[PDB]
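So the protein sequences, as listed, match chains A and B.
Heads up: take any position in the first sequence, counting from 1, add 1, and you land on the UniProt record's numbering.
Heads up: take any position in the second sequence, counting from 1, add 1, and you land on the UniProt record's numbering.
Protein chains: 2
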Amino acid sequence: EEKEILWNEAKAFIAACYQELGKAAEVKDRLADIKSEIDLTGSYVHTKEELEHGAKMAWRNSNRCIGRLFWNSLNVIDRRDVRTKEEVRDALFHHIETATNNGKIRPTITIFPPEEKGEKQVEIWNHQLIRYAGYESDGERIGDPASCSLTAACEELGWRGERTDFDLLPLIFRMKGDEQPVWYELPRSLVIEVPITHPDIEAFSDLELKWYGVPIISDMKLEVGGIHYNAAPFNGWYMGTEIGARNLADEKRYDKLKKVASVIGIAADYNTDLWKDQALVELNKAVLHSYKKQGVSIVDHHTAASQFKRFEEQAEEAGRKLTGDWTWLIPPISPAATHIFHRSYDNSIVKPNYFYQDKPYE
Amino acid sequence: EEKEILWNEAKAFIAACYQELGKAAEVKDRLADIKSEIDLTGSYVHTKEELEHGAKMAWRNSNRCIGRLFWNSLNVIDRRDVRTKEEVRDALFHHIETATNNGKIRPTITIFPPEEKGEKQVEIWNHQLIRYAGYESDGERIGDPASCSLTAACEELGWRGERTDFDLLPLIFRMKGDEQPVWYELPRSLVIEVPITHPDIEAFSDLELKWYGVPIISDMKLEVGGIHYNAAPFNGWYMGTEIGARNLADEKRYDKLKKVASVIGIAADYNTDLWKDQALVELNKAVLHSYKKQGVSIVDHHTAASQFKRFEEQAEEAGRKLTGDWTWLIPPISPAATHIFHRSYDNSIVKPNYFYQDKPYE
Ligand code: HEM
Ligand code: HEM
Ligand SMILES: N=C(Nc1cccc(OCCOc2cccc(NC(=N)c3cccs3)c2)c1)c1cccs1
Ligand SMILES: N=C(Nc1cccc(OCCOc2cccc(NC(=N)c3cccs3)c2)c1)c1cccs1
Ligand SMILES: C[C@H](O)[C@H](O)[C@H]1CNc2nc(N)[nH]c(=O)c2N1
Ligand SMILES: C[C@H](O)[C@H](O)[C@H]1CNc2nc(N)[nH]c(=O)c2N1
Ligand SMILES: [Cl-]
Ligand SMILES: [Cl-]
Numbered sequence: 002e003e004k005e006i007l008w009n010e011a012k013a014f015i016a017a018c019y020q021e022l023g024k025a026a027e028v029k030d031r032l033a034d035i036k037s038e039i040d041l042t043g044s045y046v047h048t049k050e051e052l053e054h055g056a057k058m059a060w061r062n063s064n065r066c067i068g069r070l071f072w073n074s075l076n077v078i079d080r081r082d083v084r085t086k087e088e089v090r091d092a093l094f095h096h097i098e099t100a101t102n103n104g105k106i107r108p109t110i111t112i113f114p115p116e117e118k119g120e121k122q123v124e125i126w127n128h129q130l131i132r133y134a135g136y137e138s139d140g141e142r143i144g145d146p147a148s149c150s151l152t153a154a155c156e157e158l159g160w161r162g163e164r165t166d167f168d169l170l171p172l173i174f175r176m177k178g179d180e181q182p183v184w185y186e187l188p189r190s191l192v193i194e195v196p197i198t199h200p201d202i203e204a205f206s207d208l209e210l211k212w213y214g215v216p217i218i219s220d221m222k223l224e225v226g227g228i229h230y231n232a233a234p235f236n237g238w239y240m241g242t243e244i245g246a247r248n249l250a251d252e253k254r255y256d257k258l259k260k261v262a263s264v265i266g267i268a269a270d271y272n273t274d275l276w277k278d279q280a281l282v283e284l285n286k287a288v289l290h291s292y293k294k295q296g297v298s299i300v301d302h303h304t305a306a307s308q309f310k311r312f313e314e315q316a317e318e319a320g321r322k323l324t325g326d327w328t329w330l331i332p333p334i335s336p337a338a339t340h341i342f343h344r345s346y347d348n349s350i351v352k353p354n355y356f357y358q359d360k361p362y363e
Numbered sequence: 002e003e004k005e006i007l008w009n010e011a012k013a014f015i016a017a018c019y020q021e022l023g024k025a026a027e028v029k030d031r032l033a034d035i036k037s038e039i040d041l042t043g044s045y046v047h048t049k050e051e052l053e054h055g056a057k058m059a060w061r062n063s064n065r066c067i068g069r070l071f072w073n074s075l076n077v078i079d080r081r082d083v084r085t086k087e088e089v090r091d092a093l094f095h096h097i098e099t100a101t102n103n104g105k106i107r108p109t110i111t112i113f114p115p116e117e118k119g120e121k122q123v124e125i126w127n128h129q130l131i132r133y134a135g136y137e138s139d140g141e142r143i144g145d146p147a148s149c150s151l152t153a154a155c156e157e158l159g160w161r162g163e164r165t166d167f168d169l170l171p172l173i174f175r176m177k178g179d180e181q182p183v184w185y186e187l188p189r190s191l192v193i194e195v196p197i198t199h200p201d202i203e204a205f206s207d208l209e210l211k212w213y214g215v216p217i218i219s220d221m222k223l224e225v226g227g228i229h230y231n232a233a234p235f236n237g238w239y240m241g242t243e244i245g246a247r248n249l250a251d252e253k254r255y256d257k258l259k260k261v262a263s264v265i266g267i268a269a270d271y272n273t274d275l276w277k278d279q280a281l282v283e284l285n286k287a288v289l290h291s292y293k294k295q296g297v298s299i300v301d302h303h304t305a306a307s308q309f310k311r312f313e314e315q316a317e318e319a320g321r322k323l324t325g326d327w328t329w330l331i332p333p334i335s336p337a338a339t340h341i342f343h344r345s346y347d348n349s350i351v352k353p354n355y356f357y358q359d360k361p362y363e
């Protein structure tokens, strides 16, 4: 059955991919070649073209992604050649460098060897390649609570964080045949960070907030034509609200709203003062201003929704059904000020696509 | 089949209602009496108790309503006795007076005779009993665009608005046997309105914004035990965001954000300045401050979500499944600052409930 599922997904992917690439006449012989290779080997190897276009299609089919206008410009790095943890490490390092691009962020994915019999060749533990550690001991809370369980697991393995609120987690991943993962400290020269200041309010620097430049999701499975690339880290640039309205704002993350209200000089005592809303706006202004001042790519939620509207029009122009998850597309502040809020979206799953997978710790 | 659907809905409603009222032992004989009356008459009449508890249950089952904590305190006015348009008019007038309660708003529903063979006894045309007219002629836009088609229909019938941006629409409804509806101008002494000022920014009054005190939804069908009360206007009080983030903010409503930005002294030129977000916060602050200064009931979205959280806990305590529509429960500003955003809700339809019905104009 495994092989039948593979074949079915393969024929659907190859016909749609080759059609988009103006390569329709080659489907027949390519599908023949695939059917044999599946027969003979239990799987099949994607060509460079299939692999690149598949990763791009997967982004285009990502229902929760507002940044999909730029799906066709994805920079695909084919690292199916790696066999050593040193090669994996260097690949991850390179991905950080090339994607960061001195602040002018390049949407990028690095693709590692896929699962074989559902057996992972390479298993990445980080949620993002660059993220901050989190600690909770006897009432004492430091850093990013979303990172508490991975942090605890790294420290099991002999890593030790400095216990600032912004400790960079090491890269941590496991190789097929290894019982334990390895970890490598990130070279600080590879990691761009932005201090958060506000354009008008000087006291805002008293918060000593910062965030990293490039979010690189490293724990999702890329699925293309029945082949499961469980290790395939990818990045775009941030939408400001991800940092200003969630990472720094949520009570279960950095929980900064009360401190924000204090430095902007408003009381945080009455719901009817809308001090949370006001702190949200200033914090979010500060984040966009800071990334822009430093020369690090970022987009605001209004601009991003305007791009997504273009993505919708483009899909219609091309004859493709549009899919989307309304609950994730609406931004977490002023959602009704975007067109997204005022329409609905078909949440069907189309492949290729990126999927969640179980975490090896926890 | 109509009668079978009726009977089925009736037995489900009577058992659940009598159970909640500690009246379980009476279900059997009451259901007998109902089965006969359906047999003999084609329908059945609710008791005072059933009618009151049914309307309350319908509110409790309203998935899109964040204000449901207070479902059991609903004030139910039984107007199944009316036969004349003068009685209907006076009922609507009374509902406005008693619900307004000099600003200390009382959640209220007035229930008129139900449909018979799907034949309406009374057909209310207003979307709310109190709403502002809207006009669009040769590029010229006045008032509330959501009201353009009902306004045009009223003016068909010989009503004429003054063409301010805040013309009160007349009550308009039709009686069984009549070909045309009638309209009655609202006595201004019945309608409480609130001028919008801002607690800190004096210029905010230059916008000359106002809104009415009491939103009274007058076009939804109440369904209780298979009986269809198509005319059953109800009200609570406003959540501030309904006015400040939607009615006054949407581009297809009053579209005030650019004017708001100007009076609060910020530029409306750059998406990255988050001027829309900032204008939203100040406009929303102004609305809550204004209702509170006047002594007219209103709730902010944070307080309302905290109440709804209590509603959820109360449902669990009572053993009732909770249903909700996430897309409507999240407020339109700072949704992620409420607990609602961070959980999901079963959007199943449970009856009794309020439903949409086709508009007699358009
Ligand atoms: C170009 C810049 C991009 C922007 C501004 C952007 C924006 C976003 C945002 C704001 C989210 C919601 C994330 C959250 O709430 O945690 C998201 C989700 C997502 N984006 Fe994008 N994105 C971009 C590029 C990409 C790229 C390059 C890919 C893959 C090739 C991608 C795939 C996804 C996926 C799979 C999700 C959903 C993740 C999940 O379910 O947890 N995006 N995007
Ligand atoms: C006590 C004060 C109340 C508050 C603060 C409140 C709050 C709200 C809000 C903010 C909405 C969304 C409306 C929109 O976006 O247009 C809503 C929807 C709703 N509320 Fe309530 N509500 C209250 C009382 C009531 C009452 C008394 C009933 C009926 C007895 C009711 C039934 C509903 C229904 C049916 C909807 C959905 C309407 C639709 O689908 O268009 N609510 N409520
Ligand atoms: N701008 C960005 N933001 C962004 C884009 C995509 C995802 C993202 O983070 C979302 C994290 O979401 C969750 C939520 C719950 C659990 C998890 N973890 C898992 N992978 C799961 C395992 C099992 C169930 S969920 C991830 C942030 C980008 C990063 C990379 C490309 S664009
Ligand atoms: N605070 C309030 N706000 C509130 C509560 C409930 C509804 C509400 O207005 C929602 C209007 O929603 C729509 C949206 C689209 C169409 C319609 N009109 C119709 N009835 C339809 C006919 C056919 C399809 S929809 C109404 C506002 C209250 C008023 C009364 C009690 S609480
Ligand atoms: C398409 C989308 O469901 C629609 O615009 C909804 C979104 N959520 C909403 N939520 C509320 N409370 N009121 C509304 O009018 C809407 N509009
Ligand atoms: C329960 C709810 O679906 C959940 O909290 C979602 C809501 N929408 C979201 N939207 C985005 N972009 N990111 C998120 O993490 C979430 N969380
Ligand atoms: Cl993030
Ligand atoms: Cl309204």
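Cβ atoms here follow ideal geometry from the backbone N, Cα and C, with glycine treated the same way.
DSSP three-state assignment for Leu172(A), whether helix, strand or coil: Locating residue 172(A) in the first sequence gives position 171, counting from the first residue. Secondary structure at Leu172(A): strand, using DSSP grouped into helix, strand and coil.
Proximity test, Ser345(A) beta-carbon vs ligand 5 heavy atom, cut-off 7 Å: Counted from its first residue, the first sequence places residue 345(A) at position 344. In this structure, ligand 5 has a non-hydrogen atom nearer than 7 Å to the beta-carbon of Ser345(A).
In DSSP terms, what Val264(A) is bridged to: For the purposes of this step, residue 264(A) is taken as the residue at position 263 of the first sequence. Per DSSP, none; premise fails for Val264(A).
Stretch-stretch touch, CB-based, cutoff 8 Å, three pairs: the stretch 278–294 of chain A with the stretch 193–209 of chain A: Yes, the stretch 278–294 of chain A touches the stretch 193–209 of chain A.
Where the stretch 269–289 of chain A meets chain B: residues whose CB sits under 8 Å from a CB there: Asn272, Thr273, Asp274, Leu275, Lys277, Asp278, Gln279, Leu281, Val282, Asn285, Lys286, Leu289
When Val225(A), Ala337(A), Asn231(A), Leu249(A) are compared against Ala250(B), the one with the closest alpha-carbon: Walking along the second sequence from the start, residue 250(B) turns up at place 249. Closest by alpha carbon: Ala337(A).
Of the residues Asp347(B), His302(B), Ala233(B), the one placed nearest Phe113(B), counting alpha carbons only: For the purposes of this step, residue 113(B) is taken as the residue at position 112 of the second sequence. For the residues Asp347(B), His302(B), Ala233(B), the minimum Cα distance to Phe113(B) belongs to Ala233(B).
Near-chain B residues of the stretch 224–248 of chain A (beta-carbon distance less than 7 Å), N- to C-terminal order: Residues of the stretch 224–248 of chain A with a C-beta atom less than 7 Å from some C-beta of chain B are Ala246, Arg247, listed in chain order.
Under 8 Å between C-beta atoms of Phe309(A) and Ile67(A): What you label residue 309(A) is simply residue 308 of the first sequence in a count that begins at 1. What you label residue 67(A) is simply residue 66 of the first sequence in a count that begins at 1. Taking 8 Å as the cut-off, the Cβ atoms of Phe309(A) and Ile67(A) count as close.
Cross-chain neighbours of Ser335(B) in chain A, by beta carbon under 7 Å: To locate residue 335(B), count along the second sequence from 1; it is residue 334. In chain order: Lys277, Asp278, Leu281, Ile334.
Member of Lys36(A), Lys57(A), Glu116(A) whose CA lies at the smallest distance from the CA of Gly237(A): Along the first sequence, read from residue 1 onward, the residue named residue 237(A) stands at position 236. Of the listed residues, the one whose Cα sits closest to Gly237(A) is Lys57(A).
Chain A residues whose Cβ lies nearer than 8 Å to that of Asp301(B): Taking the second sequence and counting its residues from 1, one reaches residue 301(B) at position 300. The contacting residues are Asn272, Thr273, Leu275.
Any chain B beta carbon closer than 8 Å to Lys293(A): Your numbering for residue 293(A) matches position 292 in the first sequence. It does: the Cβ of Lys293(A) has a partner Cβ on chain B nearer than 8 Å.
Residues bridged to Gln295(B) [DSSP beta-bridge criterion]: Taking the second sequence and counting its residues from 1, one reaches residue 295(B) at position 294. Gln295(B) pairs with nothing; no bridge assigned.
Closer than 7 Å: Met221(B) CB and nearest ligand 4 heavy atom: Within the second sequence, residue 221(B) is the residue found at index 220, counting from 1. Yes - ligand 4 has a heavy atom lying nearer than 7 Å to the Cβ of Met221(B).
Check: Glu194(A) C-beta below 7 Å from any heavy atom of ligand 7: Working through the first sequence from its first residue, we reach residue 194(A) at position 193. False, no ligand heavy atom lies under 7 Å from that Cβ.
Cβ distance (whole Å) where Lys259(A) is taken to contact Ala269(A) below 8 Å: Along the first sequence, read from residue 1 onward, the residue named residue 259(A) stands at position 258. Along the first sequence, read from residue 1 onward, the residue named residue 269(A) stands at position 268. Right, their Cβ atoms sit about 5 Å apart.
Short-range partners of chain B found in the stretch 312–327 of chain A, where Cβ spacing is below 9 Å: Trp327
Identity of the residue in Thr152(A), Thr339(A), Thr328(A), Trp184(A) nearest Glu363(A) by Cα: As a working note, residue 363(A) is residue 362 in the first sequence. Residue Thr152(A) is the option with its Cα nearest to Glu363(A).
Proximity to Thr304(A) [Cα-Cα], best of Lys352(A), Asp30(A), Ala59(A), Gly241(A): Here residue 304(A) refers to the residue found at position 303 when the first sequence is read from its first residue. Minimum Cα distance to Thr304(A) is reached at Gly241(A).
Interface residues of chain B facing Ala338(A) [CB-CB closer than 8 Å]: Locating residue 338(A) in the first sequence gives position 337, counting from the first residue. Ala250, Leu258, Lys277, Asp278, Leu281, listed in chain order.
Distance cut-off 7 Å: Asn285(B) Cβ against heavy atoms of ligand 8: To locate residue 285(B), count along the second sequence from 1; it is residue 284. No, the Cβ of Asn285(B) stays beyond 7 Å of every heavy atom of ligand 8.
Residues from the stretch 101–114 of chain B in contact with chain A, defined by Cβ distance under 8 Å: none
CB contact flag (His47(B), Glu21(B), <8 Å): On the second sequence, residue 47(B) is found 46 positions in, with the first residue counted as 1. On the second sequence, residue 21(B) is found 20 positions in, with the first residue counted as 1. Taking C-beta atoms as the reference points, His47(B) and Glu21(B) fail to come closer than 8 Å.
Residues within the stretch 152–168 of chain B neighbouring chain A, beta-carbon criterion of under 8 Å: none
Alpha-carbon spacing of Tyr230(B) relative to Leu223(B), whole angstroms: Here the question's residue 230(B) lines up with position 229 in the second sequence. Here the question's residue 223(B) lines up with position 222 in the second sequence. Taking the straight line from one Cα to the other gives about 5 Å.
Contact list for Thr198(B) against chain A, beta-carbon separation under 9 Å: Position 197 of the second sequence holds residue 198(B). What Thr198(B) touches in chain A: nothing, since even the nearest Cβ is about 15 Å away.
Check whether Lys4(B) and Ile39(B) have beta carbons under 8 Å apart: Along the second sequence, one-based indexing puts residue 4(B) at 3. Along the second sequence, one-based indexing puts residue 39(B) at 38. Yes; because the gap between Cβ atoms is below 8 Å, this pair is in contact.
Under the three-state DSSP convention, the category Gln122(A) falls into: Numbered from 1 along the first sequence, position 121 holds the residue referred to as residue 122(A). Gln122(A) falls in the coil class under three-state DSSP.
Residues surrounding ligand 7 [beta-carbon distance to nearest heavy atom under 6 Å]: The set of residues with any CB-heavy atom separation to ligand 7 below 6 Å comprises, in chain order, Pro216(A), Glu243(A), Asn248(A).
Rounded straight-line distance, which links the Cα of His302(A) to that of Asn102(A): On the first sequence, position 101 is the one that residue 102(A) refers to. On the first sequence, position 301 is the one that residue 302(A) refers to. The alpha-carbon atoms of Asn102(A) and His302(A) are separated by roughly 23 Å.
Buried or exposed (CB count within 10 angstroms, at least 16 for buried), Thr109(B): Here residue 109(B) is taken as the residue at index 108 of the second sequence, counted from 1. When all chains shown are included, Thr109(B) counts as buried.
CA nearest to the CA of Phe312(A), picked from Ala16(A), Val264(A), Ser63(A): Counting from one through the first sequence, the residue named residue 312(A) turns up at place 311. Here the closest residue by C-alpha is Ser63(A).
CB contact below 8 Å: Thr304(B) versus chain A: Position 303 of the second sequence holds residue 304(B). For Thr304(B), the answer is yes, since a Cβ of chain A falls inside 8 Å of its Cβ.
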